[PDB]
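Take a look at the letters that make up each chain.
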Amino acid sequence: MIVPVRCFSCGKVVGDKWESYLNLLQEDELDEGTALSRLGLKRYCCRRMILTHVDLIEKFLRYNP
Amino acid sequence: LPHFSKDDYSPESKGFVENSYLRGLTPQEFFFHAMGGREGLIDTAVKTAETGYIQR
Amino acid sequence: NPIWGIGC
Amino acid sequence: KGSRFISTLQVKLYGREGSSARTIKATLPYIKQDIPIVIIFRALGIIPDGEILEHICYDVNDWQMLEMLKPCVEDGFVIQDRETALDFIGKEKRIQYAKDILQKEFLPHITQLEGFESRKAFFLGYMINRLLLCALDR
Amino acid sequence: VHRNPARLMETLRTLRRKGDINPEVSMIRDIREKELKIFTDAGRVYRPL
Amino acid sequence: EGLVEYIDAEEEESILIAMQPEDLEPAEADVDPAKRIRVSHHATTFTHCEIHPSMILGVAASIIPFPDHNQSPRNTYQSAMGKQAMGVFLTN
Amino acid sequence: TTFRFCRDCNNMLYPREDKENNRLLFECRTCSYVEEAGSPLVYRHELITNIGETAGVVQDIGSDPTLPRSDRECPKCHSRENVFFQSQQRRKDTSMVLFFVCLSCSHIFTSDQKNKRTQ
Amino acid sequence: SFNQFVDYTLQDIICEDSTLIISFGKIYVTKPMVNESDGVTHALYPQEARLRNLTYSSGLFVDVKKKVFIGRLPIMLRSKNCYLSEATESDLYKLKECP
Amino acid sequence: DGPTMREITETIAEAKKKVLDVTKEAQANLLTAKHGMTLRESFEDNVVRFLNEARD
Amino acid sequence: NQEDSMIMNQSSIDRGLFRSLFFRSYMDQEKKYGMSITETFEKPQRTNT
Amino acid sequence: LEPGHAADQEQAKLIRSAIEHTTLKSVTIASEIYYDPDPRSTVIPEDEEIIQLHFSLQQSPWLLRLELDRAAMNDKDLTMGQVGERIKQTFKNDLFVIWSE
DNA sequence: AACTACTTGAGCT
RNA sequence: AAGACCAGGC
DNA sequence: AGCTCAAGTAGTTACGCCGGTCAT
Ligand SMILES: [Mg+2]
Ligand SMILES: [Zn+2]
Ligand SMILES: [Zn+2]
Ligand SMILES: [Zn+2]
């Protein structure tokens, strides 16, 4: 259901960081926690933001018209 | 429970939860505990309106 | 009570 | 599988844990009153005593149970054969109906065929047994 | 009835495990009473072990 | 292959089920002061083992974290409120 | 008690008195058969049972996995594989002594220590 | 438990105290259909009956003795006569039916 | 406390044996019936009063 | 946050926390009679009734 | 209790057993009905003595024996003398009864 | 589901 | 528009 | 023919306040 712009908790932007993350996984083969850390996601408030998103939009997109 | 030897009159069989919530119930303990609470919930869902009659 | 003891 | 009747069998046991008349009677489908087990047996195909106790009890050395049965035997001592057996269940007109309620109503599972009278008898025996197995705290 | 059952038992049980008497059927031996329970019935809740 | 069996409630009566597959088995020739105190497996009569105890739960509790740490009557409540939270019931 | 039936028409046996000779008879009320008394005992009630504690113990009672294991040693074969339980007499007032069966005999030794039994 | 009614059961039921002083034989259980006046018989699907408030049921035929139509049976989604039973991931997304 | 969680464990172990003990002493008929109670009932009456005081 | 009432951080409620869509579907038909008398779906006004 | 006797332990019991309804049924381990036609000796061993020792300081040949419980006679507390005494006066002159000590 | 009311039934002189 | 049934709330 | 005593059988009434779906 798409990525959440800015973290609820503190406010820091986080829209862009989606693809960066979902990428540092598939290829650079780095575990969750670490990916985030380099993506610049420090305190858990924003951390949980990314590490918990379940991108439904993908499946929704699989529908026709 | 079927996980027990017949005629076991001990406490670990008759429902004595030796554990603390901080530690956590074992299946057996966890179950009995449920059967116990289940009785509780029961009357809180029975004495609720029969009490109201007696009141009325 | 129920989930603590008999008497309780 | 087939129609599916909802009629139950009652194998009672009169006489509370005291009174002298501790008899055993059972209820059949469509029969107004109740019948004392002995007759149900002779009416089935077992006419002599001890051949009746044959089915109920499986251990000649269990006098207690057997004792219990005694008073019962006396109940039916008045009907001595398959003729009368199927009768007392209320002539010629009544006797015929007696059969019916045994081949299509009595413990109808097992089968409602015909030549299996024997089988149902061992059940009603396994039943009268189960009754006592308890009334004797076992 | 049946004479020595100990085997009648551990044969049916070997029959189910190969799968020649539906894994859904129930077979209970109550030695403590001398009886053999057979259940095909529809509506018996069961779990796996 | 006879590695697992379907035990109805009746047949259950005449079997002996072992909880944890591991522990309730190997011999004995100390322990952690944290985990819950576990009794034993003083028996070798076992006929079956439990796929997993956390399987005695149904859909509801299955989503409850550490249901083995709350007052049972509470778990029973969450067991109901779940059927009343928000989310996605299908994608279509 | 262990009462009797009768040859001829296999039935129940009712007792009658040998007036003139003073002794007990048993009979039948379907035919005529008549036999003397087997024992002077006729009827018993028994209010404090004790028969049925040994409840059917087929040798296979060592194959019922749901039963406990004690490592004692029978009063005869001196083994160490016994199974047990409590009376099967479902009486809220019964007692709790253990009856043991041995995988090496089929004896019936107790744990009691105020009485003694062989049944 | 559903398949057990269709597959087997359903048969034993039609074949018992049938024959009339005219008997019955095997019975046919087709897949979803929609018999509407102003159209033939449209092979129906879940997600539609849903929107149009219809009935996801199919036909019943019986080889009657002296082939014959007798009622519309409401099928069980995700069962066997329900087309869903086969379609895969991608297959479904097209029927608009959530996988 | 680190040691208190221990001091308790063994207040259940010992309490467990003060049960195993009166169970041995019952599975021997080595106890008399407190007037008005069944030999069995009187067995419980103690097990209960044992676990309760333990737990307490 | 007393007596089971909780305090929720408005700020993040704005950043969309716990927001949810709500749908609804009112539905209707055009009833008829074997006796050709049908209903209508229009934008009615005045007209004698 | 009555005014006086208050912390009288044994006084408590002394009233208990004067109130708590006790019936023959609660002290009888078993009852049998033997055939003994000779009113001057038994067909039973463990009874012999009990006859001879009961003829110093008409009937039916049909017998009825009762085997009371020992531990049960200490609980509700009872006496053969009493027990029977009661029995006897219950039926009276149309039932001769005897008992051991 | 449990009771309590009301009237009826069968045993008994 | 009135009713019935299921569901759910403290 | 008539009367007390026990049992059966009949019948009744029960619960605080607050959306969906179906059909006469
Ligand atoms: Mg509230
Ligand atoms: Zn943040
Ligand atoms: Zn004869
Ligand atoms: Zn031995």
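Per chain, the count goes from 1 following the written sequence and can depart from the entry's numbering; residues without coordinates do not appear at all. Chain letters start at A and ligand numbers start at 1, both assigned in the order the entries are written. In this view, a larger assembly is represented only partially, and all stated values concern the represented chains. Remark: hydrogens and water are excluded; side-chain values derive from all non-hydrogen atoms of the structure.

For this entry, the PDB record names X-ray crystallography as the structure determination method and reports a resolution of 3.4 Å.

A. Layout of the overall build of chain F. We count a stretch as a helix when DSSP gives it H or I for four or more residues in a row; a strand needs E for two or more, and each element gets its number in order from the N terminus. A count of helices and strands for chain F gives 2 helices and 3 strands. Along chain F, from the amino end to the carboxyl end, the secondary structure elements read β-α-β-β-α. For the radius of gyration, the atom set is restricted to C-alpha positions; the globular benchmark scales as 2.2 Å times the number of residues to the power 0.38. Against the compact-globule benchmark of 12 Å for 92 residues, chain F has a radius of gyration of 18 Å, which places it well outside the compact range. For chain F, the spread of C-alpha atoms along the principal axes amounts to about 55 × 40 × 25 Å. For every accessible area listed, the method is Shrake-Rupley and the probe measures 1.4 Å; residues are considered covered only by the protein chains on display. In the form shown here, chain F has an accessible surface area of approximately 6900 Å², with 56% of it arising from carbon and sulfur atoms.

B. Fine view of the packing of helix α3 (residues 63-76) of chain D against helix α6 (residues 117-135) of chain D. Residue and element names in this part refer to chain D. Working convention: axes come from line fits to C-alpha atoms, limited for helices to the stretch in contact. Angles between N-to-C directions cover 0 to 180 degrees. Where α3 meets α6, the closest approach of the two axes is 11 Å, and the angle between their N-to-C directions is 115°. With respect to α6, the element α3 is oriented roughly perpendicular. Regarding α3 and α6, the two cross each other, and that crossing is right-handed. Residue-level contacts link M65, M68 and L69 of α3 to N129, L132, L133 and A135 of α6. What sets the label is the angle itself: under 35 degrees gives roughly parallel, over 145 gives roughly antiparallel, 65 to 115 gives roughly perpendicular, and the rest give oblique. Whether a crossing is left-handed or right-handed is set by the direction in which the near helix is turned from the far one by less than a right angle, anticlockwise for left-handed and clockwise for right-handed. Here a residue-residue contact requires only that any non-hydrogen atoms of the pair lie within 4.5 Å.

C. Molecular detail of a nonpolar patch on the surface. Put simply, a patch holds well-exposed residues, over 30% relative accessible area, that have no salt bridge, with like charges counted together within 9 Å and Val, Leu, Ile, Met, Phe, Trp or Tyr side chains within 5 Å. Just to be clear on terms, a salt bridge is a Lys or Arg side-chain nitrogen sitting within 4 Å of an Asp or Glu carboxyl oxygen. Among the surface-exposed residues, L1, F31 and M35 of chain B together with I56 of chain F lie close enough to one another that they form a single nonpolar patch of about 370 Å² accessible area. Tracing the chain through its elements places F31 of chain B in helix α2 (residues 27-43).

D. Geometry of the packing of aromatic side chains. When the centres of two rings from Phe, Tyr and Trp lie within 6.5 Å, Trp using its six-membered ring, the rings pair. Their planes under 30 degrees apart give stacked, over 60 give edge-to-face, and anything left gives tilted. This structure, assessed with the given rule, holds 13 aromatic pairs over all chains. Relative to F69 of chain H, the ring of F61 of chain H has its centre 6.1 Å away and its plane inclined at 85°; by these criteria the two rings are edge-to-face. Judged by its relative accessible area of 30%, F61 of chain H is partly exposed. Feature note: the residues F84, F100 and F109 of chain G constitute an aromatic cluster, connected by ring pairs. Think of it as a cone above the ring: NZ of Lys or CZ of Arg counts as a charge over the ring if it is within 6 Å of the ring centre and within 35 degrees of the ring normal. For the cation-ring pair, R32 of chain E lies above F85 of chain G, with the distance from its terminal atom to the ring centre recorded as 4.5 Å. Burial classes: relative accessible area under 20% of the type maximum marks a residue as buried, over 50% as exposed, and values in between as partly exposed (1.4 Å probe, protein chains only).

E. Structural context of the coordination of the zinc ion (ligand 3). Residues and elements named next belong to chain G. A 2.8 Å cut-off from the metal defines N, O and S donors, relaxed to 3.2 Å for Na, K and Ca; water is not in the atom list, so some sites may appear incomplete. Taken together, the protein ligands of the zinc ion (ligand 3) are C6 (SG), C9 (SG), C28 (SG) and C31 (SG), with distances of 2.3 to 2.8 Å. Mapping the donors of the zinc ion (ligand 3) onto the primary sequence yields the spacing C-x2-C-x18-C-x2-C. A residue pair is termed long-range when its members are at least 10 positions apart, and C9 in the segment before β1 (14-17) and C31 in the loop between β2 (24-27) and β3 (34-36) qualify at 22 residues.

F. Region of the structure containing the sheet that holds strand β2 (residues 65-68) of chain K. A pair of strands is considered paired only if DSSP assigns at least 2 bridges between the two. One open sheet holds the 3 strands; their spatial order is β4(G)-β1(K)-β2(K), and the pairing between them is antiparallel. Every other strand in the sheet has two partners, leaving β4 (41-44) of chain G together with β2 of chain K as the edge strands with one partner each. Across the sheet, the axes of successive neighbouring strands diverge by a mean angle of 25°, strand direction being ignored. Pairing between β4 of chain G and strand β1 (residues 28-34) of chain K: 3 bridges, direction antiparallel. What sits directly across from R44 of chain G, in β1 of chain K, is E32 of chain K.

G. How the structure looks around the domain arrangement of chain G. In terms of domains, chain G is made up of domain 1 (1-45) and domain 2 (46-119). The C-alpha-based centres of domain 1 of chain G and domain 2 of chain G are spaced at 37 Å. Domains are outlined according to an automatic or database domain assignment.

H. Molecular detail of unusual backbone geometry. Backbone geometry at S106 of chain G places phi at a positive 105°, although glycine is not the residue there. Looking at the secondary structure, you find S106 of chain G in the segment after β7 (99-102). Backbone geometry at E3 of chain J places phi at a positive 45°, although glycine is not the residue there. Inspection of the secondary structure puts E3 of chain J in the segment before α1 (10-14).

I. Geometry of the interface of chain B and chain F. At the interface, 20 residues of chain B touch 25 residues of chain F. Carbon and sulfur atoms supply 63% of the area that chain B and chain F bury against each other, a total of about 1900 Å² over both sides. The term buried area means the drop in 1.4 Å probe accessible area that two parts suffer when joined, counted for both and summed. On the chain B side of the contact with chain F, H3, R23 and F30 of chain B bury the most area, a combined 30% of that side's loss. At the junction of chain B and chain F, the tally comes to 0 salt bridges. Nitrogen and oxygen atoms within 3.5 Å of one another constitute a polar contact, given that in protein one can donate a hydrogen and the other can accept it, and given that sequence-neighbouring residues count only through two side-chain atoms. At the surface where chain B touches chain F, the tally comes to 8 residue pairs in polar contact. The element contributing the most residues to the side of chain B that touches chain F is α2 of chain B, with 8 residues. Any residue that is not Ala, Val, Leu, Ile, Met, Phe, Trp, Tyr, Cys, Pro, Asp, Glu, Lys or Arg is counted as polar, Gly included; the first ten are nonpolar and the last four charged. Per-class residue counts for the side of chain B that touches chain F are 10 nonpolar, 6 polar and 4 charged.

J. View of the nonpolar core. The term nonpolar core refers to a set of buried residues drawn from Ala, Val, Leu, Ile, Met, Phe, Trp, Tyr and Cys, joined through side-chain atoms within 4.5 Å. Ranked by internal contacts, the top residues of the largest apolar core, which has 38 residues, are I37, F41, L69 and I128 of chain D. With residues up to four places along the chain from it excluded, the contact list for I128 of chain D reads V11, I24, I37, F41 and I56 of chain D. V14, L24, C46 and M49 of chain A belong to the second largest nonpolar core, which has 15 residues in total.

K. Representation of the pattern of salt bridges in the model. All names here are of chain H. Summed over the entire model, instances satisfying the criterion amount to 36 salt bridges over all chains. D7 is the partner of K80 in a salt bridge, and the nearest nitrogen-oxygen pair spans 3.6 Å. The exposure class assigned to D7 is partly exposed, which follows from its relative accessible area of 43%. One salt bridge connects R50 with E97, and the closest N-O pair in it is separated by 3.2 Å. Look at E97 and you get buried, because its relative accessible area is 8%.

L. Spotlight on the environment of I128 of chain D. All names here are of chain D. Checked against the element boundaries, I128 lands in helix α6. Exposure remark for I128: the relative accessible area of 0% places this residue in the buried category. Taking the C-alpha atoms as reference points, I128 and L102, separated by 26 residues in sequence, lie 17 Å from one another.

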